[PDB]
Amino acid sequence: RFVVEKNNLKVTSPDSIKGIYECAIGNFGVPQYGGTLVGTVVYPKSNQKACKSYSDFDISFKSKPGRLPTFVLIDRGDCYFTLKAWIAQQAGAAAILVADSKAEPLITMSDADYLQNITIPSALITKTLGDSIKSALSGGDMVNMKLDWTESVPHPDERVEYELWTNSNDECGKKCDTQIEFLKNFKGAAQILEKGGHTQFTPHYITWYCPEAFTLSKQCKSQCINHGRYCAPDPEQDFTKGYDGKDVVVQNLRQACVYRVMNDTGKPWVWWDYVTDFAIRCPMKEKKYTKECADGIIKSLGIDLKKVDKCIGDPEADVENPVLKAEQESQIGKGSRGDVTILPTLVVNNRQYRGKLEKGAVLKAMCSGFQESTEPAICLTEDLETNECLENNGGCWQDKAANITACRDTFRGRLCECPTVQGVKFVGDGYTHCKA
Amino acid sequence: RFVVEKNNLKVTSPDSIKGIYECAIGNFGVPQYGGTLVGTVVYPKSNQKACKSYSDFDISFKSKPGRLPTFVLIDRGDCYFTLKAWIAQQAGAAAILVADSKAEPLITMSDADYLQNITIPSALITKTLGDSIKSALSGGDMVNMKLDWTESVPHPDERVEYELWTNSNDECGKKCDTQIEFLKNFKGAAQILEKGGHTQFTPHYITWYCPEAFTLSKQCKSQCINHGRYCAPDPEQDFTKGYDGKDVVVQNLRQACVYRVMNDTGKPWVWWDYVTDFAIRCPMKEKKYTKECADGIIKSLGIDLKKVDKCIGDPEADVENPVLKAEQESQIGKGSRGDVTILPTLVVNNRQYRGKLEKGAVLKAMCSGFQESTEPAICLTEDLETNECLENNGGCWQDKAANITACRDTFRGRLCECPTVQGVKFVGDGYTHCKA
Amino acid sequence: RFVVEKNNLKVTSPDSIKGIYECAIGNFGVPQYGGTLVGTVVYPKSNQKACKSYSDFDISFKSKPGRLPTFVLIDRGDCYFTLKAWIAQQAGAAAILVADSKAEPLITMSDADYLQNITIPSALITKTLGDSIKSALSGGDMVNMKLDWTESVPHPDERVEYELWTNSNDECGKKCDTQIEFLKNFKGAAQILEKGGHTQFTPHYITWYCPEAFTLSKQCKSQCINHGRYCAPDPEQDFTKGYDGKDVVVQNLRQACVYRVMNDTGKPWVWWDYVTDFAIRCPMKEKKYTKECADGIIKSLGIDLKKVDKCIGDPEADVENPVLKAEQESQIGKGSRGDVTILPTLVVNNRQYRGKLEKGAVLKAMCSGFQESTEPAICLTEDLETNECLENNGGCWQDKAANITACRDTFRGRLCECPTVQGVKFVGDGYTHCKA
Ligand SMILES: *[C@@H]1O[C@H](CO)[C@@H](O[C@@H]2O[C@H](CO)[C@@H](O[C@@H]3O[C@H](CO)[C@@H](O)[C@H](O[C@H]4O[C@H](CO)[C@@H](O)[C@H](O)[C@@H]4O)[C@@H]3O)[C@H](O)[C@H]2NC(C)=O)[C@H](O)[C@H]1NC(C)=O
Ligand SMILES: *[C@@H]1O[C@H](CO)[C@@H](O[C@@H]2O[C@H](CO)[C@@H](O[C@@H]3O[C@H](CO)[C@@H](O)[C@H](O[C@H]4O[C@H](CO)[C@@H](O)[C@H](O)[C@@H]4O)[C@@H]3O)[C@H](O)[C@H]2NC(C)=O)[C@H](O)[C@H]1NC(C)=O
Ligand SMILES: *[C@@H]1O[C@H](CO)[C@@H](O[C@@H]2O[C@H](CO)[C@@H](O[C@@H]3O[C@H](CO)[C@@H](O)[C@H](O[C@H]4O[C@H](CO)[C@@H](O)[C@H](O)[C@@H]4O)[C@@H]3O)[C@H](O)[C@H]2NC(C)=O)[C@H](O)[C@H]1NC(C)=O
Ligand SMILES: *[C@@H]1O[C@H](CO)[C@@H](O)[C@H](O)[C@H]1NC(C)=O
Ligand SMILES: *[C@@H]1O[C@H](CO)[C@@H](O)[C@H](O)[C@H]1NC(C)=O
Ligand SMILES: *[C@@H]1O[C@H](CO)[C@@H](O)[C@H](O)[C@H]1NC(C)=O
Ligand SMILES: *[C@@H]1O[C@H](CO)[C@@H](O)[C@H](O)[C@H]1NC(C)=O
Ligand SMILES: *[C@@H]1O[C@H](CO)[C@@H](O)[C@H](O)[C@H]1NC(C)=O
Ligand SMILES: *[C@@H]1O[C@H](CO)[C@@H](O)[C@H](O)[C@H]1NC(C)=O
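Going down the list, the sequences are from chains A, A' and A''. A prime marks a further copy of an entry chain.
Residues 20 to 128, 136 to 462 in PDB author numbering are what the first sequence lists, from first letter to last.
Residues 20 to 128, 136 to 462 in PDB author numbering are what the second sequence lists, from first letter to last.
Residues 20 to 128, 136 to 462 in PDB author numbering are what the third sequence lists, from first letter to last.
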């Protein structure tokens, strides 16, 4: 239960042992915010194991004004680490320093008890560093130290998982427009949530297969790919002028593949910047609902296109697409979640969501899974901007000769709107170009 | 308990019965957000009434990957509708389709029970449409359908009612200024609240009558109208230079009448745009506290002036004004509310309000009447703008030759401030004109 | 339990007793928001002491439409004031008027009981004014009055106290930058909190003393002042190029002294404007981390410099600094708070704070000490701007010949950024000058 950090521990005196040394800071007993604790150390005579209370041996630390905090050197073993910190904190100790009797610097080894009151930092030091202090304290030399935990303490091992089911269609009416306005408004929140490790978002899509009585029929050719293995209704429903379901299944699988690629590289928030820019740059009315326009966004955001077209695979082949198969399989009820039948469905913590699609409504439902003192900044009724403008200018237009870019980070996420220079509203096509 | 919607139901196959048909979607079991559910239908052999559990007859629906959802055709009668949906949802059904044995398409007919877990959509179809499916399922033809509830589910039948008591005076000190800053700041919130059906606001005003010992005295002539039937103190209290109480009673009755007219047409939020623009365009210091200036706002906002001057009636006649009589009557304690004596008094859900006049304080008090999963967007710590700019340009100045208007929708509501074009701050009188 | 206010009470009739008179409005029974209550008075025959229920003597006040509210004249004594208001409110009275039988106008004299339902205003009037009404009611003359409590009811006697421990160093890494971004972001919230009397903030700083074995050593000369009585580690830790701990102890003591001076004059929020402008105008990289640059901020904000340099005293003398002694003493555990060892430590209501340093996180922790219906505007999820721009232009640059200033009040507090005029972004050194 100790995370190893090298630059955290530093010794100021004695000068013979001065320097930076590695230590394994504890997960509990330290504050979330980063900081610094400077103090001296004391090695007790009795109860060096800290397995019993220090009041029995009449050992107190008695912090006084102007005095350096009293770090305690504890011999590892005979009792749990959390109990050692509790005994020292009762005596008034500022922090504990456990020296493992084992020589391995990497070894780092419970039940929910009354340990939340522990507020003193804990650390595990190498046996070499521990015995170096024991010798300095026996010679009459003070050992003054500095401890910089510094880490904001992410603790994102168990967070909130939300899965959204959407469609890339934009002409089906107000239902499709409500989702786009939601994705554009929720992008800024979801990005900072995933960047802070507070959320794990997985976008999902819905496809069906051609029935056996309709196999090779004309309706199965217009709405389905991979020989009728993955389907979707026609957007316009006119068919003669509509884009047909195939183009929808392709762009859905493309957006799913953009997530499959970015999730492996460690940037799933890029999926949000892709689907929002997809609705802005590649519409169906302008006939820009093509693969060429979609690949332009993939290139503008630095997304790897080879990994995407490989994830997509053959659009027309009797083989099965692994992502669309995993998506149709993801629709089946996996325990308490139940089956996913509705098209705009959101599932938070493996239980579905029926409230309104408002951003604040979705947020208020997600902040219920978080515990107190761990709620993110966004959850605590605080509004913040994104930070995508700093890399590749967010994939927005830019003129370095004038220190002027089309990128702008907002609460809705990065937006590549043409900038206004000297009062002149530049009119251009967002990132592709901008001109007065 | 079913709302009738025509375009919601559509049949894709068989082609002999394809088309859009009317259906009565259920109030419960459907999500608030709008969406689409595409699936096929199944007519059970036993328990067609859905009055008993399907596990007794060993009937399950067994949803599988890639399979269309399983709509169920239930014969109406012998049990309640909510119990039919509960039995099907246990078997894994996606939605139920009740076919009324009665031939009337309009007939649509409990106690609070464990029905909140019902999350499958419910619908009532005509007996013609129901028997058309029974014949298609007996011939061996699949019936694939699409159901678009789509409605955001307003459910505004029982909402929050708040009544505010104000005065149009603007020179009585800081007390009158605190109300105007409140009305200007709360306008944007109250408008979106009433537009979404979440609130019913009624503005109220306070008037007294001349005592019998003071009848026809000079003080009763300055402060009272309708031969001393409705009164108000002098604003300035100097009388010689003050506007006298009569002008206050007239403008109060005028603002009340603006609400009486707009409430009948279905736009009570216009009262907010009127009283805020009244404090901006018709002040007492500029001597614009006249009927002419007030009628200009009535014309700018498209308010019907005939219905207002009829509601006002004769300002000086021994007859009684019905609105001011209903207002003086509205002051009397009608149950738990008690009498309304304080001038800036707010009553929410027929119980008064003592907290501070801050917008967030008034909001937090109103969001207590709303239930969870039904709180409006404004209540859920989300800040949004209004939408009055789209009609008549909100009654603000506009130059179509430059695509430039003086209207601006904000969180405080529509505001007719002069726009800034090309860096040049146009200086003008708001809506009346604007010029660089 | 009555606050004396002169202009609150005014009499309209009879004309022989008309005028403004002093009265002692009650702390309870009145609303927080300011307003006005106009009504007539009634002196009961029996139970003039209001010590028994009015239903026994069959005395009711019976408010009717158009009728003036019924103020009650109660003789002081024989029972508590709160019980008198409760008896009158049951009879339907609008407000009570207690006339002290004692002739002193200043005398104004419990356990938590069921008195929260009391919503009628209460007031204590002089015996002269009380007997003047008794004579007017015996002669058959109506006494019409007006009562303007008006006060927002601050009640800031017992509020939230938060103490923050910071350091003026800006090159120690990200730990020092996290604090500055926090102080810049929290400045706007903390200022409005202290201005409304809702918070008492005391900034604190951490210093140590030179050990006896290190007295007069070179390391004690670089990090410590007053002959090694107050210390701090070197910022850069290089010493050869670092500013040395002495400069840090001096600027910390200077910032503490700026608070010690401003707290006595009644403007502790100026400390926030000082430390934020200190990080903007006097950095260490530009070598502006000098006393001269720091005194410029003291002069720009109108802070009294004599009281600051006196609080600082002799930077190098064997005497002890009273503020730094009170600061080192403030570090010791004073009850439930415990010792303060961590450098960025915040203590709210004498109990420490472990959550993240986010503004919303700190706010949510502070709003827990406030009771309901008394939470400030900032606490109730409402965002507001400051009001420092109105005095000395917030100590920002200004050009009166163009109505253009560099001051701007925001949610982060006053900021002296160069203004943009006619689209031209003026580039200057904030307040010191600004030019296109
Ligand atoms: C996006 O990429 C992330 C990369 O982190 C990925 O998250 C990872 O998912 C895997 C698979 O779900 C998680 O591994 C699971 O972790 C726990 C803890 O051990 C176990 O419950 C799981 O065991 C399963 O797999 C075992 C295989 O040995 C089986 O024996 C067992 O029966 C279970 O089936 C499983 O190991 C992993 O913890 C996360 N990691 C993080 C950091 O979240 C995510 O799934 C990717 N998403 C998509 C949509 O591709
Ligand atoms: C602004 O206009 C709206 C228009 O909707 C208006 O709201 C309506 O007010 C009326 C009158 O208060 C409401 O009707 C009431 O509804 C319930 C349900 O039936 C009943 O409690 C009431 O019965 C009363 O009236 C009966 C007359 O037959 C009496 O027999 C009975 O004893 C009661 O006195 C009454 O019918 C109506 O429901 C609302 N409608 C909506 C949609 O809110 C509002 O009052 C107008 N406001 C102003 C200030 O003019
Ligand atoms: C900033 O200036 C403000 C000015 O208001 C100042 O707040 C005041 O602090 C003093 C000292 O802490 C408070 O006085 C205390 O009040 C209560 C109520 O009576 C008592 O608990 C305290 O008694 C102490 O002092 C007595 C001296 O006679 C002793 O007999 C007793 O044992 C206690 O030690 C004490 O009187 C005062 O109430 C506040 N006032 C306000 C309005 O807050 C604040 O301390 C200054 N801060 C700094 C950092 O300089
Ligand atoms: C310990 O933390 C718990 C949290 O449940 C709290 O109730 C308790 O008062 C704390 N006790 C001490 C001594 O800090
Ligand atoms: C361009 O703008 C960036 C972003 O602030 C800034 O760091 C950089 O110095 C600027 N370059 C110029 C003004 O030449
Ligand atoms: C049904 O809803 C209630 C709401 O009170 C909830 O407590 C319960 O867990 C739900 N049960 C199921 C099976 O969904
Ligand atoms: C005027 O502005 C409106 C509002 O955006 C826009 O719809 C319209 O096309 C504009 N007309 C022009 C630029 O001629
Ligand atoms: C009095 O106030 C209390 C607050 O605890 C409330 O519960 C109660 O209903 C109120 N009673 C009346 C009669 O207003
Ligand atoms: C300067 O600006 C102030 C702040 O609004 C204003 O009160 C004043 O009238 C202005 N003076 C001018 C425009 O001469």
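In this text, a Cβ means the ideal position worked out from N, Cα and C, and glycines have one as well.
A'':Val169 beta carbon less than 8 angstroms from that of A'':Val374: Sequence index remark: in the third sequence, residue 374 of chain A'' carries index 348 (1-based). Sequence index remark: in the third sequence, residue 169 of chain A'' carries index 143 (1-based). At the C-beta level, A'':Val374 and A'':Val169 stay beyond 8 angstroms of one another.
Minimum Cβ-Cβ distance from A:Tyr269 to chain A' less than 8 angstroms: Counting from one through the first sequence, the residue named residue 269 of chain A turns up at place 243. For A:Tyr269, no Cβ of chain A' is located within less than 8 angstroms of the residue's own Cβ.
Reference A'':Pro147, options A'':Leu87, A'':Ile218, A'':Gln51, closest by Cα: In the third sequence, counting from the first residue as 1, residue 147 of chain A'' sits at position 121. Measuring from the Cα of A'':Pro147, the nearest candidate turns out to be A'':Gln51.
Closer than 7 angstroms: residue 132 of chain A' CB and nearest ligand 2 heavy atom: Coordinates for residue 132 of chain A' are simply not present: the residues of chain A' run from 128 and resume at 136.
A'':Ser148 - partner residues in DSSP beta bridges: For the purposes of this step, residue 148 of chain A'' is taken as residue 122 along the third sequence, with counting starting at 1. Partner(s): A'':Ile115.
Closest residue to A:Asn27 among A'':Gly199, A'':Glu408, A'':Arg20 (Cα-Cα distance): Within the first sequence, numbered from 1, the residue matching residue 27 of chain A stands at position 8. Distances from the alpha-carbon of A:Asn27 to those of A'':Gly199, A'':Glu408, A'':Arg20 put A'':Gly199 closest.
Where A:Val296 falls: helix, strand or coil (DSSP): Start at 1 with the first residue of the first sequence, and residue 296 of chain A comes out as number 270. Three-state result, A:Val296: helix.
Near ligand 9: A'':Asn413 beta-carbon under 7 angstroms from a heavy atom: Position 387 of the third sequence, counting from 1, holds the residue named residue 413 of chain A''. No, Cβ of A'':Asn413 sits at least 7 angstroms from all heavy atoms of ligand 9.
Residue range of the unbroken alpha helix (DSSP H) whose run includes A':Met168: As a first step, residue 168 of chain A' is located in the second sequence; it is residue number 142 there, counting from the start. For A':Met168, no alpha helix (DSSP H) run applies, since DSSP gives it neither H nor E.
Near ligand 4: A:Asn143 beta-carbon under 7 angstroms from a heavy atom: Within the first sequence, the letter at position 117 stands for residue 143 of chain A. For ligand 4, at least one heavy atom lies less than 7 angstroms from the Cβ of A:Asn143.
Residue span of the alpha helix (DSSP H) that contains A'':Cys283, given as start and end: For the purposes of this step, residue 283 of chain A'' is taken as the residue at position 257 of the third sequence. Run containing A'':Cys283: 270 to 291, per the alpha helix (DSSP H) assignment.
Chain-ordered neighbours of A':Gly45 on chain A, where CB pairs are closer than 7 angstroms: As a first step, residue 45 of chain A' must be located in the second sequence, where it is residue number 26. Listed along the chain, the chain A residues whose CB falls inside 7 angstroms of the CB of A':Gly45 amount to none; the nearest CB is some 14 angstroms away.
Three-state secondary structure assigned by DSSP to A':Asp435: In the second sequence, counting from the first residue as 1, residue 435 of chain A' sits at position 409. Residue state, collapsed to three classes: strand.
DSSP beta-bridge partners of A:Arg377: Counting from one through the first sequence, the residue named residue 377 of chain A turns up at place 351. DSSP, once it has assigned bridges, lists A:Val374 as partnering A:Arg377.
Distance, A':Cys246 Cα to A':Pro341 Cα: Residue numbering aside, residue 341 of chain A' sits at position 315 when the second sequence is read from its first letter. Residue numbering aside, residue 246 of chain A' sits at position 220 when the second sequence is read from its first letter. Those two C-alpha atoms are separated by around 14 angstroms.
Proximal residues, the segment 230 to 255 of chain A' versus chain A'', C-beta separation under 9 angstroms: Residues of the segment 230 to 255 of chain A' with a C-beta atom less than 9 angstroms from some C-beta of chain A'' are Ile232, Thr233, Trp234, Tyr235, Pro237, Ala239, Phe240, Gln245, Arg255, listed in chain order.
Unbroken beta strand (DSSP E) run spanning A'':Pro445, endpoints: Along the third sequence, read from residue 1 onward, the residue named residue 445 of chain A'' stands at position 419. First-last for A'':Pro445: undefined, no H or E at that position.
Buried/exposed call for A':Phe76, threshold 16 Cβ in 10 Å: Translated into positions along the second sequence, residue 76 of chain A' becomes position 57. Flag for A':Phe76 reads exposed.
Burial state of A:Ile126, where buried means 16 or more other Cβ atoms lie within 10 Å: Here the question's residue 126 of chain A lines up with position 107 in the first sequence. By the neighbour-count rule (16 or more Cβ atoms within 10 Å), A:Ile126 is not buried but exposed.
Collapsed DSSP secondary structure at A'':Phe90 in the structure displayed: Along the third sequence, one-based indexing puts residue 90 of chain A'' at 71. Residue state, collapsed to three classes: strand.
Check: A:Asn418 C-beta below 7 angstroms from any heavy atom of ligand 7: Counting from 1 along the first sequence, the entry for residue 418 of chain A is found at position 392. When distances are taken from the beta-carbon of A:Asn418 to the heavy atoms of ligand 7, even the shortest one reaches 7 angstroms or more.
Close-in-space but distant-in-sequence residues of the same chain around A'':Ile106 (CB under 7 angstroms, 5 per side omitted): Taking the third sequence and counting its residues from 1, the one referred to as residue 106 of chain A'' is at position 87. Hits under 7 angstroms: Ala69, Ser72, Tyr73.
Status (buried if at least 16 other CB within 10 Å, exposed otherwise) for A':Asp119: Counting from 1 along the second sequence, the entry for residue 119 of chain A' is found at position 100. Classification of A':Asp119: buried, given that the 10 Å Cβ count is 16 or more.
Closer than 9 angstroms at the beta carbon, the chain A'' residues around A:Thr407: Position 381 of the first sequence holds residue 407 of chain A. Contacts between A:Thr407 and chain A'', judged by CB atoms closer than 9 angstroms, involve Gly386, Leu389, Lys390, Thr407 in chain order.
Where the segment 46 to 57 of chain A' meets chain A: residues whose CB sits under 8 angstroms from a CB there: Listed by position along the chain: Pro50, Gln51, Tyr52, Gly53, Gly54, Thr55, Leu56, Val57.
Per-residue contacts from A':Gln354 into chain A'' (C-beta, under 7 angstroms): Along the second sequence, read from residue 1 onward, the residue named residue 354 of chain A' stands at position 328. Chain A'' residues near A':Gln354: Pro84, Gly85.
Host alpha helix (DSSP H) of A'':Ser35 (start-end): Against the third sequence, residue 35 of chain A'' aligns to sequence position 16. For A'':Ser35, there is no enclosing alpha helix (DSSP H), since its DSSP letter is neither H nor E.
Own chain, CB closer than 7 angstroms to A'':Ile430, minus 5 neighbours either side, in chain order: Counting from one through the third sequence, the residue named residue 430 of chain A'' turns up at place 404. Taking C-beta separations shorter than 7 angstroms and ignoring five residues to either side along the sequence, the partners of A'':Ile430 in its chain run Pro445, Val447, following chain order.
Within-8 angstroms CB hit, A':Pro309 to chain A: As a first step, residue 309 of chain A' is located in the second sequence; it is residue number 283 there, counting from the start. Not an interface residue.
Given 8 angstroms, three or more beta-carbon pairs between the segment 52 to 69 of chain A'' and the segment 110 to 117 of chain A'': Segment contact: the segment 52 to 69 of chain A'' against the segment 110 to 117 of chain A'', three or more CB-CB distances shorter than 8 angstroms; contact assigned.
Endpoints, beta strand (DSSP E) assigned at A':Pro229: Numbered from its first residue, the second sequence carries residue 229 of chain A' at position 203. From DSSP, the beta strand (DSSP E) with A':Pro229 extends over 225 to 230.
Proximity test, A':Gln448 beta-carbon vs ligand 1 heavy atom, cut-off 7 angstroms: Start at 1 with the first residue of the second sequence, and residue 448 of chain A' comes out as number 422. Every heavy atom of ligand 1 is 7 angstroms or more from the Cβ of A':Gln448, so no.
Backbone secondary structure at A':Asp321 - three-state DSSP: Within the second sequence, the letter at position 295 stands for residue 321 of chain A'. A':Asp321 sits in a helix when the DSSP states are folded into three classes.
Within chain A'', the residues that A':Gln357 reaches when beta carbons sit closer than 8 angstroms: Here residue 357 of chain A' refers to the residue found at position 331 when the second sequence is read from its first residue. By Cβ distance, chain A'' contributes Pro84.
Under the three-state DSSP convention, the category A':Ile106 falls into: In the second sequence, residue 106 of chain A' corresponds to position 87, counting from 1. Here A':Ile106 sits in helix by DSSP.
Distance cut-off 7 angstroms: A'':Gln226 Cβ against heavy atoms of ligand 3: One-based indexing of the third sequence puts residue 226 of chain A'' at position 200. Indeed, a heavy atom of ligand 3 lies less than 7 angstroms from the Cβ.
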